[PDB]
Amino acid sequence: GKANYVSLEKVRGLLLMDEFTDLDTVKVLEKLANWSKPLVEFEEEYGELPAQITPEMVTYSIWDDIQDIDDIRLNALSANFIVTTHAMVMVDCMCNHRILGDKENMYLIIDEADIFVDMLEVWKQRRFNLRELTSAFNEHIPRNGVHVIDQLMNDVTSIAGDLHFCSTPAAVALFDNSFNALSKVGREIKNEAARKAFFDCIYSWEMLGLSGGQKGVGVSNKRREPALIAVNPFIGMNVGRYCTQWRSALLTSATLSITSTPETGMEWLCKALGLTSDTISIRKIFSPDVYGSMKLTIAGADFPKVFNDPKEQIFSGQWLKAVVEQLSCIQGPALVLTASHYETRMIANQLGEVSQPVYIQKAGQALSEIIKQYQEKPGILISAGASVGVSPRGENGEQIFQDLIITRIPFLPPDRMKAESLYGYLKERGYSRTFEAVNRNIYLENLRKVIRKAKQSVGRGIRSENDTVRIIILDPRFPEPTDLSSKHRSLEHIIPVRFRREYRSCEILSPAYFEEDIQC
Amino acid sequence: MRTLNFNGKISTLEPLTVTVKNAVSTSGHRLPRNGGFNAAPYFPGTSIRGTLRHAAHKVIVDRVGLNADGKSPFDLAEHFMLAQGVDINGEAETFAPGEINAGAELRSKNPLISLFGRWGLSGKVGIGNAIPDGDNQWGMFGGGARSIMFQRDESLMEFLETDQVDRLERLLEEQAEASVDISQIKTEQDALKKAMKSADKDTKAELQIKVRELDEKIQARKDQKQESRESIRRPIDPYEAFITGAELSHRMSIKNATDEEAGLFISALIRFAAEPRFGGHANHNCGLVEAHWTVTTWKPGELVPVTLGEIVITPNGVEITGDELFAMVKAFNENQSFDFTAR
Amino acid sequence: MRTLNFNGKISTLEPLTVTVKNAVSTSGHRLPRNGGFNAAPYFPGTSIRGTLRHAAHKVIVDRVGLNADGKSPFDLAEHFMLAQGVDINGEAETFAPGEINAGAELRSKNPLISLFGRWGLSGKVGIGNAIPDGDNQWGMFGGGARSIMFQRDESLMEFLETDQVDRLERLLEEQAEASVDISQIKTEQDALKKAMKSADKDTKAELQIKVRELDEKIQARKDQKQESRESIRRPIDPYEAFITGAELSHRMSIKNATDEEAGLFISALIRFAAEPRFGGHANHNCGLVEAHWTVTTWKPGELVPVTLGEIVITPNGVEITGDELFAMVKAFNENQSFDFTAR
Amino acid sequence: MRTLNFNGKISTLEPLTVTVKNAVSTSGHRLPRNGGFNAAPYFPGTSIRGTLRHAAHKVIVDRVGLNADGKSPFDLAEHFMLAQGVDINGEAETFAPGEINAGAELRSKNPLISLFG
Amino acid sequence: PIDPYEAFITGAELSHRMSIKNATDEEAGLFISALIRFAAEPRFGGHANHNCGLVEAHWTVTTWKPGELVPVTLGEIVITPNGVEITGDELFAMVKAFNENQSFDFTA
DNA sequence: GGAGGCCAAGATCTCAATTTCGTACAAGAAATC
DNA sequence: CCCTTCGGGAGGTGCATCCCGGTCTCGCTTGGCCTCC
RNA sequence: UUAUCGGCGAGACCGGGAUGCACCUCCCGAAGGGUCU
């Protein structure tokens with residue numbers, strides 16, 4: 001992904017920084033000072049190399065356009081294949097080959113395409129960074145108006161919070177209000193040419209949002225800068241064009257299947273990327289016939305409701321007590337995967353300090369530190385949505401958790417502005433579907449994202465053919481085997497096809513009264 | 001003989017409301033819902049269709065002309081035929097099923113009945129429901145409370161003789177005592193309404209009859225109030241309505257619309273624009289709407305429809321674009337062969 | 001017999017407020033919201049309608065004239081009919097067939113009732129909501145705190161006898177003790193309701209009757225206080241009102257208005273302009289308005305309205321434009337053939 | 001029996017301030033804004049009404065006069081009803097029958113309460 | 001008081017499965033022409049006084065591979081108020097075949 | 001004078017009544033246009 | 001370089017409507033009669 | 001899939017009346033000063 005490798009100048013900064021602390025190994029420093037090699041490979045191979053590998057300073061600065069990004073890119077242009085982060089494939093999207101070059105020569109394997117699309121739904125954004133706009137107009141600056149920009153900059157952080165995109169009603173209201181309160185500033189730029197440039201910029205922003213798609217509030221991934229997000233429909237067609245642009249692209253993932261049938265489980269990605277019948281060359285589901293063992297316990301239709309009043313996100317005390325006792329009833333190392341970090345907070349607090357010491361994913365805490373710490377000392381690991389897939393692998397490649405506990409199905413919150421704004425899209429593009437229809441479509445899309453995420457969660461369970469996982473789904477809404485008409489029946493697709501027999505024969509914690517009804 | 005699809009939006013100038021017997025219940029007044037309690041309320045196509053049918057009936061009445069005093073040549077039966085499609089005489093020619101070109105003569109000579117139909121005669125005009133655009137856009141309007149005039153301003157009390165002042169005194173004392181008694185009876189009735197939930201069908205029956213006789217007790221208590229039968233001071237229940245400025249997507253169709261029938265429909269829209277009121281609570285000016293429709297015809301067998309023109313109804317006027325709509329209106333206006341009178 | 005649309009703006013000379021039961025909640029006085037909770041507030045058309053109806057009632061009372069003592073001929077029932085349209089004698093039937101054609105004569109002889117209908121007679125006048133033009137044009141006003149007179153100013157102590165200063169000392173000590181009691185019980189009630197949040201649905205009712213127990217104990221600690229029922233010192237919760245100078249778009253319709261009915265309406269507008277007070281909070285001078293209306297008419301079948309004139313109500317006077325408005329006012333003033341003592 | 005509108009201006013000889021409890025964000029003492037954070041602050045009509053009501057109360061007690069020791073004939077409840085508008089002994093009810101048409105005579109006898117209610 | 005009738009809500013997404021059995025190009029072309037003419041007045045059911053029945057439907061036209069049990073997607077029939085979007089060259093070929101082959105004798 | 005079409009007549013009967021509510025989050029990478 | 005103040009008191013009541021008015025049909029043959037070929 | 005095929009449909013304005021208002025002063029206490037052609 002770049003920005004995480006030798007920066008030349010920061011490696012002459014490293015001369016000074018090490019001599020203060022790493023003086024003993026300054027000789028190895030100069031060995032690094034000369035070989036401008038990607039750090040990532042560097043450490044793992046040279047025996048351990050812990051002396052001078054602290055990442056913070058070895059990396060690019062904010063304005064580190066030192067022309068070395070080309071040099072590694074030119075060096076890596078040759079390859080048998082390119083393991084790398086996604087970035088280039090959408091970073092050279094509209095650079096027009098200024099980064100990667102030849103395209104038809106290259107083939108594309110988008111591994112983990114499920115997360116690719118899921119975060120594409122974020123990348124369908126252009127960050128109207130008021131600090132950048134503040135910084136952009138540093139000569140034609142109506143500084144009196146900066147307060148308005150500053151007040152709005154506060155509001156974005158309040159609504160966006162810790163999210164790069166947030167679908168509360170405030171976000172679109174703040175989007176419209178911010179651009180109206182920026183239109184106020186629009187009549188403050190003194191230079192008329194700059195005023196018209198600013199007016200055209202906001203007008204392009206104004207039409208881009210209202211004409212079609214979704215508006216929102218952003219907090220930039222890096223530097224945590226507030227921003228005003230809105231759809232890039234152009235990018236929405238561009239991604240399809242640019243993946244068809246490759247000679248033959250392959251989207252592959254471990255959870256890119258809502259259902260086990262391709263020809264109905266693949267339409268979420270076909271429609272998301274706008275992909276029509278042209279480029280659907282294969283739709284295949286490949287699963288191992290035997291890979292590890294799965295035992296299933298699912299909370300029956302009587303298990304208390306998770307949210308008593310979900311609007312304020314209050315977890316019903318009956319549910320919290322039942323989940324906590326069930327977790328305490330475990331007898332081995334476990335990976336309790338929650339959906340939110342607040343659920344982690346509540347479970348950790350109510351959990352009465354049971355043995356096999358617990359381990360909690362603090363909001364924002366990088367998972368690497370906690371997972372490595374838990375590897376040495378096993379026990380209950382109460383992770384959250386921050387699990388980001390990966391694996392809680394034991395140090396010598398062995399399963400160090402027997403019990404994957406899904407406290408609740410990670411249901412996505414309602415997006416009452418994504419539905420509204422998408423309805424605006426369909427209305428202005430002429431498509432006639434009522435707002436409730438768009439609400440239903442958004443609900444189904446979110447439920448398919450929940451199915452994919454929970455499939456990822458269950459995939460955390462088994463990684464080696466010898467793995468044995470006791471999956472405990474404590475959500476009451478997970479469909480019972482006997483309830484084939486249950487509302488969230490698609491969630492049954494979370495279990496792999498091969499382990500569906502134990503799904504049918506599964507111990508139910510809190511089942512619902514059956515009988516011997518004579519009219520059988 | 002074209003199939004005109006009017007696709008458009010009804011922006012709301014004053015709250016749009018309707019009381020439909022099915023939707024409203026004892027919980028309060030609720031707008032007709034798009035299939036469920038937690039559904040988007042929709043303005044019924046029935047109310048829009050009836051308003052447009054009465055507008056077209058008035059158009060036909062004015063076109064046929066008014067006599068010296070102002071009476072139309074149509075009798076009562078003809079007016080009911082034109083406005084509600086009900087034949088009170090029973091002479092209306094029932095079209096026995098299987099009759100080829102059923103009412104083609106009546107359709108030709110009665111454009112209004114051809115548009116809005118009759119019993120056994122299909123109405124070419126289909127007026128669809130007006131669904132809102134965007135979440136919210138409905139709310140509990142009206143509300144408030146009727147207040148004793150003299151207890152709000154004492155200046156209206158200088159206009160009353162002593163006997164009338166004592167009459168007001170008696171009215172207020174009667175209202176207070178009746179309110180106390182009826183409130184006790186209603187508290188007992190509410191205890192029964194809680195007791196419903198143990199609805200053993202026999203106990204459900206007896207409890208319901210008990211609520212019935214408690215209602216009769218309330219009615220008898222209110223019947224023994226000499227001065228005022230009804231409590232003057234009382235909160236007005238709010239009515240659910242679409243907010244002002246609400247955008248309601250609306251679709252109308254005229255199937256197999258002759259130029260005369262479509263001209264009549266456009267003239268009905270023009271006359272409706274004079275008083276563009278839909279629904280009720282018109283005492284609160286509810287129902288005023290500005291609506292813009294795009295008229296698109298679709299020659300069957302063609303992959304795309306062609307937009308004949310646009311009808312925009314606003315408080316500043318009716319703007320009709322497209323020469324086709326003007327030609328249709330002129331064709332309706334210049335045909336003398338409409339025997340709207342019953343056969 | 002033409003439709004008159006008063007489309008115009010109300011400028012608020014002083015804050016404009018109203019207290020609708022459904023609109024208000026445990027928070028305090030809040031304007032209706034024009035939709036959901038966060039929707040832009042609107043002034044009820046019901047308050048405007050009631051204010052103008054009582055203005056018209058006073059107009060009719062003055063026009064009929066007052067006897068020497070200053071009393072009006074109208075019966076109390078007639079006053080209620082004219083101003084609030086409630087038949088206290090209960091002789092108003094809703095769908096009595098025989099009044100089907102008596103409606104026209106009743107309207108002709110009672111212009112006010114035709115304008116503002118009654119139960120069974122449709123009101124020709126629809127007074128719409130006033131909706132603000134801009135945003136953030138409302139706010140909380142009236143926030144205050146009743147304070148002991150003799151602690152704000154000490155010169156009022158020299159006017160009280162010894163037994164009355166001792167009375168004030170007993171009152172102050174009862175207020176401080178009551179306060180400590182009601183404050184500790186409400187500081188347990190608020191945390192008990194902050195536990196009702198995470199509540200098992202069944203436990204909702206138990207914590208609810210616990211809340212009602214605490215409320216009964218607050219009301220018995222208040223009924224215990226001898227000196228005072230209510231504590232003199234207290235913060236008055238503010239009410240929500242439209243800001244001063246707020247421009248609210250208003251739309252009023254008189255459907256098929258005869259010259260004399262529209263004249264009565266304009267006379268009602270003038271008499272309301274004498275005291276341009278809307279809503280409530282007569283203390284704090286809330287409700288004062290400066291409203292200007294453009295009266296437009298629309299002959300059915302015409303594609304455009306005709307602006308008859310403008311009705312400007314300002315604190316400096318009532319300006320009437322257009323010969324037609326003057327003609328209607330004069331026609332109402334000169335028509336001596338109105339009877340209001342008989343519905 | 002006429003409606004008098006005093007329309008006019010207040011010129012501020014010394015700074016004019018008021019601590020409206022709702023208005024004052026604990027951040028700092030802010031004058032009560034005429035809607036939202038950025039509107040024009042106004043002086044509440046409540047404070048002016050209270051000042052004028054206490055002035056009228058003082059006018060009434062001075063016009064009634066005082067005893068040789070300088071004590072107003074009124075009692076504590078009467079003062080509180082006159083100026084604060086609050087009844088000590090609870091003899092104040094709204095929309096109660098029988099006090100109807102006692103408003104005219106009460107207002108005639110008590111011009112202060114008629115004015116300020 | 002008019003009794004209510006039970007309908008599907010406006011903007012109800014109803015899953016629809018239609019099939020033609022073994023199909024000469026002419027029969028499939030006639031069916032596609034019937035769909036194209038139904039799109040002129042896309043009305044299903046009665047209560048046409050309230051404009052009931054107006055629908056817009058997207059049909060993915062799949063066929064079976066010769067021999068193999070797998071659906072191949074030949075095109076899409078998107079009937080909307082804005083127009084009929086016949087997609088897929090094969091559907092156009094079927095429509096053209098129906099338009100040609102004028103030897104049909106519908107009489108008897 | 002035969003062949004179409006419209007309209008009235010013909011035996012009693014078989015059966016059953018819902019009572020609204022979805023879904024409540026995390027972060028992967030970045031020379032961004 | 002100082003240093004950001006304590007508190008006080010949060011309502012009392014009213015009144016919650018009356019009434020309409022709930023359809024035709026028709027799933028079959030047959031001849032009698034009334035007009036046309 | 002014990003055969004082949006059969007749009008259930010046509011018409012209706014639910015509307016008519018009401019001011020929610022009536023009372024409250026949120027005030028009391030203070031020097032920001034000294035320091036350098």
# chains A, B, ... in the order shown; residues from 1 in each chain; ligands from 1
call {"tool": "interface_residues", "arguments": {"of": "chain A", "to": "chain B", "cutoff": "12 Å", "atoms": "only C-alpha atoms", "output": "PDB file with C-alpha atoms, in the first residue's frame"}}
result
ATOM      1  CA  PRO A 169     -30.725  11.848  10.277  1.00  0.00           C
ATOM      2  CA  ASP A 415     -30.260   3.900   7.345  1.00  0.00           C
ATOM      3  CA  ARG A 416     -33.183   6.319   7.206  1.00  0.00           C
ATOM      4  CA  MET A 417     -31.235   8.696   4.936  1.00  0.00           C
ATOM      5  CA  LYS A 418     -29.621   6.124   2.659  1.00  0.00           C
ATOM      6  CA  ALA A 419     -33.161   4.970   1.877  1.00  0.00           C
ATOM      7  CA  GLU A 420     -34.386   8.558   1.528  1.00  0.00           C
ATOM      8  CA  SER A 421     -31.445   9.748  -0.554  1.00  0.00           C
ATOM      9  CA  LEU A 422     -31.482   6.620  -2.743  1.00  0.00           C
ATOM     10  CA  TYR A 423     -35.191   7.292  -3.239  1.00  0.00           C
ATOM     11  CA  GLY A 424     -34.170  10.766  -4.364  1.00  0.00           C
ATOM     12  CA  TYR A 425     -31.779   9.082  -6.802  1.00  0.00           C
ATOM     13  CA  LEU A 426     -34.480   6.874  -8.294  1.00  0.00           C
ATOM     14  CA  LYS A 427     -36.986   9.746  -8.344  1.00  0.00           C
ATOM     15  CA  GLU A 428     -34.689  12.162 -10.174  1.00  0.00           C
ATOM     16  CA  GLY A 430     -37.049   8.857 -13.332  1.00  0.00           C
ATOM     17  CA  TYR A 431     -37.445   5.411 -11.765  1.00  0.00           C
ATOM     18  CA  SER A 432     -40.826   5.239 -10.011  1.00  0.00           C
ATOM     19  CA  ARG A 433     -40.571   3.333  -6.752  1.00  0.00           C
ATOM     20  CA  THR A 434     -42.040   4.639  -3.513  1.00  0.00           C
ATOM     21  CA  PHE A 435     -39.911   5.484  -0.500  1.00  0.00           C
ATOM     22  CA  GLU A 436     -41.036   2.401   1.427  1.00  0.00           C
ATOM     23  CA  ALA A 437     -39.825   0.298  -1.505  1.00  0.00           C
ATOM     24  CA  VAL A 438     -36.385   1.895  -1.203  1.00  0.00           C
ATOM     25  CA  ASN A 439     -36.543   1.256   2.544  1.00  0.00           C
ATOM     26  CA  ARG A 440     -37.196  -2.422   1.826  1.00  0.00           C
TER      27      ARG A 440
END
call {"tool": "select_by_dssp", "arguments": {"residues": "stretch 90-177 of chain B", "states": "strand (DSSP E or B)", "output": "list in words"}}
result
residues 118, 121, 125, 126, 127, 130, 131, 132, 138, 139, 140, 141, 142, 145 and 146 of chain B
call {"tool": "write_last_selection", "arguments": {"atoms": "N, CA, C and O atoms", "output": "compact mmCIF listing (two decimals), in the first residue's frame"}}
result
# COMPACT_ATOMS: atom_id res chain seq x y z
N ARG B 118 -69.38 3.65 -14.65
CA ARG B 118 -70.72 3.45 -14.12
C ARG B 118 -70.79 2.03 -13.58
O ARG B 118 -69.78 1.32 -13.55
N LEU B 121 -70.21 -0.54 -16.46
CA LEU B 121 -69.49 0.16 -17.51
C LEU B 121 -68.14 0.58 -16.96
O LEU B 121 -68.07 1.32 -15.97
N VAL B 125 -61.00 6.25 -16.77
CA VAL B 125 -60.10 6.99 -15.89
C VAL B 125 -59.83 6.15 -14.65
O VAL B 125 -60.76 5.73 -13.95
N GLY B 126 -58.55 5.92 -14.37
CA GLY B 126 -58.07 5.35 -13.14
C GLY B 126 -57.22 6.35 -12.38
O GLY B 126 -56.16 6.74 -12.86
N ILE B 127 -57.68 6.78 -11.21
CA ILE B 127 -57.01 7.81 -10.41
C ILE B 127 -56.32 7.11 -9.26
O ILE B 127 -56.97 6.68 -8.30
N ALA B 130 -52.10 8.76 -4.06
CA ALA B 130 -50.99 9.70 -3.97
C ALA B 130 -50.11 9.30 -2.80
O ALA B 130 -50.48 9.52 -1.64
N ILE B 131 -48.96 8.71 -3.09
CA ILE B 131 -48.06 8.20 -2.06
C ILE B 131 -47.06 9.31 -1.74
O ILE B 131 -46.66 10.04 -2.66
N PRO B 132 -46.60 9.47 -0.50
CA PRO B 132 -45.68 10.57 -0.21
C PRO B 132 -44.27 10.26 -0.70
O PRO B 132 -43.93 9.13 -1.05
N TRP B 138 -45.89 13.48 7.29
CA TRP B 138 -47.22 13.41 7.87
C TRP B 138 -47.12 13.71 9.36
O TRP B 138 -46.09 13.49 9.99
N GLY B 139 -48.21 14.23 9.91
CA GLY B 139 -48.23 14.64 11.30
C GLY B 139 -49.64 14.89 11.77
O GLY B 139 -50.58 14.99 10.98
N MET B 140 -49.77 15.00 13.09
CA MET B 140 -51.07 15.22 13.73
C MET B 140 -51.36 16.72 13.73
O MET B 140 -50.93 17.45 14.62
N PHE B 141 -52.11 17.18 12.73
CA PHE B 141 -52.53 18.56 12.64
C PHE B 141 -53.88 18.73 13.32
O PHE B 141 -54.42 17.79 13.93
N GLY B 142 -54.49 19.90 13.17
CA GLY B 142 -55.69 20.20 13.92
C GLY B 142 -55.38 20.27 15.40
O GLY B 142 -54.50 21.01 15.85
N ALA B 145 -58.28 22.90 21.35
CA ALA B 145 -59.44 22.73 22.21
C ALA B 145 -60.47 23.83 22.00
O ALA B 145 -60.12 25.01 22.00
N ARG B 146 -61.73 23.45 21.83
CA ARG B 146 -62.81 24.42 21.94
C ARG B 146 -62.81 25.00 23.34
O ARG B 146 -62.71 24.27 24.33
call {"tool": "atom_distance", "arguments": {"atom1": "atom CA of residue C:189", "atom2": "atom CA of residue C:237"}}
result
19.8 Å
call {"tool": "select_by_dssp", "arguments": {"residues": "stretch 259-329 of chain C", "states": "helix (DSSP H, G or I)", "output": "list in words"}}
result
residues 259, 260, 261, 262, 263, 264, 265, 266, 267, 268, 269, 270, 271, 272, 273, 274, 283, 284, 285, 323, 324, 325, 326, 327, 328 and 329 of chain C
call {"tool": "residues_around", "arguments": {"residues": "stretch 47-49 of chain D", "least_positions_apart": "6", "cutoff": "10 Å", "atoms": "only C-alpha atoms (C1' of nucleotides)", "output": "MDAnalysis selection string"}}
result
(chainID C and resid 142:145 283:285) or (chainID D and resid 18:20 55 116) or (chainID H and resid 24:26)
call {"tool": "residues_around", "arguments": {"residues": "stretch 152-168 of chain C", "least_positions_apart": "3", "cutoff": "10 Å", "atoms": "only C-alpha atoms (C1' of nucleotides)", "output": "PyMOL selection string"}}
result
(chain C and resi 147-149+171-174+227) or (chain D and resi 54+57-58+61-62+65-67+69-77+79) or (chain H and resi 25-28)
call {"tool": "closest_residue", "arguments": {"among": "D:88, D:115, D:52, D:106", "to": "chain H", "atoms": "only C-alpha atoms (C1' of nucleotides)"}}
result
D:52
call {"tool": "residues_around", "arguments": {"residues": "residue A:251", "least_positions_apart": "3", "cutoff": "8 Å", "atoms": "only C-alpha atoms (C1' of nucleotides)", "output": "JSON, numbers by chain"}}
result
{"A": [109, 110, 111, 112, 113]}
call {"tool": "write_last_selection", "arguments": {"atoms": "C-alpha atoms", "output": "short mmCIF file (atom, residue, chain, number, x, y, z; two decimals), in the first residue's frame"}}
result
data_model
loop_
_atom_site.label_atom_id
_atom_site.label_comp_id
_atom_site.auth_asym_id
_atom_site.auth_seq_id
_atom_site.Cartn_x
_atom_site.Cartn_y
_atom_site.Cartn_z
CA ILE A 109 -7.45 -11.23 -8.62
CA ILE A 110 -9.52 -9.30 -6.06
CA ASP A 111 -9.08 -11.63 -3.11
CA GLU A 112 -11.62 -11.03 -0.33
CA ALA A 113 -13.94 -9.24 -2.75
#
call {"tool": "residues_around", "arguments": {"residues": "residue A:241", "least_positions_apart": "4", "cutoff": "12 Å", "atoms": "only C-alpha atoms (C1' of nucleotides)", "output": "MDAnalysis selection string"}}
result
chainID A and resid 89:90 93:94 234:237 245:247 249 273:276 278:279
call {"tool": "interface_residues", "arguments": {"of": "chain F", "to": "chain B", "cutoff": "12 Å", "atoms": "only C-alpha atoms (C1' of nucleotides)", "output": "list in words"}}
result
residues 6, 7, 19, 20, 21 and 22 of chain F
call {"tool": "write_last_selection", "arguments": {"atoms": "C-alpha atoms (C1' of nucleotides)", "output": "mmCIF file, in the first residue's frame"}}
result
data_model
loop_
_atom_site.group_PDB
_atom_site.id
_atom_site.type_symbol
_atom_site.label_atom_id
_atom_site.label_comp_id
_atom_site.auth_asym_id
_atom_site.auth_seq_id
_atom_site.Cartn_x
_atom_site.Cartn_y
_atom_site.Cartn_z
ATOM 1 C "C1'" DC F 6 -83.563 -11.422 -26.095
ATOM 2 C "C1'" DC F 7 -85.646 -12.504 -22.050
ATOM 3 C "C1'" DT F 19 -57.092 -7.888 14.909
ATOM 4 C "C1'" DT F 20 -50.012 -3.954 13.896
ATOM 5 C "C1'" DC F 21 -44.699 -3.363 15.400
ATOM 6 C "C1'" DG F 22 -37.638 -5.543 10.877
#
call {"tool": "closest_residue", "arguments": {"among": "E:79, E:61, E:34, E:12", "to": "chain A", "atoms": "only C-alpha atoms"}}
result
E:12
call {"tool": "interface_residues", "arguments": {"of": "chain C", "to": "chain H", "cutoff": "6 Å", "atoms": "only C-alpha atoms (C1' of nucleotides)", "output": "list in words"}}
result
residues 47, 50, 51, 84, 85, 118, 119, 120, 122, 145 and 146 of chain C
call {"tool": "interface_residues", "arguments": {"of": "chain B", "to": "chain G", "cutoff": "7 Å", "atoms": "only C-alpha atoms (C1' of nucleotides)", "output": "ChimeraX atom specification"}}
result
/B:230,233-235
call {"tool": "residues_around", "arguments": {"residues": "stretch 200-207 of chain A", "least_positions_apart": "4", "cutoff": "8 Å", "atoms": "only C-alpha atoms (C1' of nucleotides)", "output": "number ranges by chain"}}
result
A: 179, 183, 196, 211-212
call {"tool": "interface_residues", "arguments": {"of": "chain D", "to": "chain B", "cutoff": "7 Å", "atoms": "only C-alpha atoms", "output": "number ranges by chain"}}
result
D: 95, 97-98, 100
call {"tool": "atom_distance", "arguments": {"atom1": "atom CA of residue C:79", "atom2": "atom CA of residue B:218"}}
result
27.3 Å
call {"tool": "interface_residues", "arguments": {"of": "chain D", "to": "chain G", "cutoff": "10 Å", "atoms": "only C-alpha atoms (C1' of nucleotides)", "output": "list in words"}}
result
residues 90, 92, 93, 94, 95 and 96 of chain D
call {"tool": "write_last_selection", "arguments": {"atoms": "N, CA and C atoms", "output": "tab-separated table (two decimals), in the first residue's frame"}}
result
chain	number	residue	atom	x	y	z
D	90	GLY	N	-54.70	29.74	48.48
D	90	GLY	CA	-55.24	28.83	47.49
D	90	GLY	C	-56.59	29.21	46.91
D	92	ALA	N	-57.78	30.66	44.37
D	92	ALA	CA	-57.68	31.05	42.97
D	92	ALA	C	-57.81	29.81	42.12
D	93	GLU	N	-58.86	29.76	41.30
D	93	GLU	CA	-59.12	28.61	40.44
D	93	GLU	C	-59.54	29.12	39.07
D	94	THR	N	-59.28	28.30	38.05
D	94	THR	CA	-59.49	28.66	36.66
D	94	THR	C	-60.73	27.97	36.12
D	95	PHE	N	-61.51	28.72	35.33
D	95	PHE	CA	-62.71	28.20	34.69
D	95	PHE	C	-63.68	27.59	35.71
D	96	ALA	N	-63.71	28.15	36.91
D	96	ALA	CA	-64.60	27.67	37.95
D	96	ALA	C	-65.96	28.35	37.82
call {"tool": "atom_distance", "arguments": {"atom1": "atom CA of residue C:136", "atom2": "atom CA of residue A:184"}}
result
15.1 Å
